[PDB]
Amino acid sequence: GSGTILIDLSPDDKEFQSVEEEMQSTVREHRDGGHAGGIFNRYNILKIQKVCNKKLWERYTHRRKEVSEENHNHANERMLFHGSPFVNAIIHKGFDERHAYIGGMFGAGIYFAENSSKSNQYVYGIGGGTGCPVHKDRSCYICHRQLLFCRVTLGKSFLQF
């Protein structure tokens, strides 16, 4: 009883279609030639679920208002991808310091990507880890993967080139 329920979207639902389009359209080629995330130009979407948690939603909107009020009423809210082996803990208990990338280029925080294929490099761990649990294949075309499509408050963002 975490409070989290998952609601399946019909493929016929405009919401399913717009989320799929953001997933498919933000695939790119990676400088590792597919080492971390595998070799692919597109996905087979199997399911899209709405994550519903009243407590975690209120936790988000409370912080969003704090940021907004520090930034001329501008949350600077984006929809961004997150890949992680801990997506199950994230949807039940929320993001916290245990989801931080300690070794990240931009410091020990929680990372998000505009490129779905960037988040795909992290579903099996940092640099793809050892790949899918069943076949130990970072480029496995068989095993089901999960990504989060997340509402993220950026507020005033520090621009690192």
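One-based numbering along the sequence shown. Only the largest set of C-alpha atoms that superpose within 1.5 Å between the two forms is called the rigid core.
Here 31 to 39 and 98 to 106 are scored by the root mean square distance of their C-alpha atoms in 9 other deposited structures of this protein, with each structure fitted by the rigid core; the higher score goes to 98 to 106.
Averaged over Cα atoms, the B-factor as recorded in the entry is higher for 90 to 98 than for the other of 116 to 124 and 90 to 98.
For the pair 64 to 72 and 101 to 109, the mean B factor over Cα atoms is greater in 101 to 109. In the PDB entry, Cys132 places in the highest third of its chain by CA B-factor.
Compared with the other modelled residues of the chain, the Cα B-factor recorded for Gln160 ranks in the middle third. Per the deposited record, the Cα B-factor of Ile5 falls in the highest third when ranked against the other modelled residues of its chain. The deposited CA B-factor of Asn44 belongs to the middle third of values across its chain. When the modelled residues of the chain are ordered by their C-alpha B factor, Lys14 lands in the highest third.
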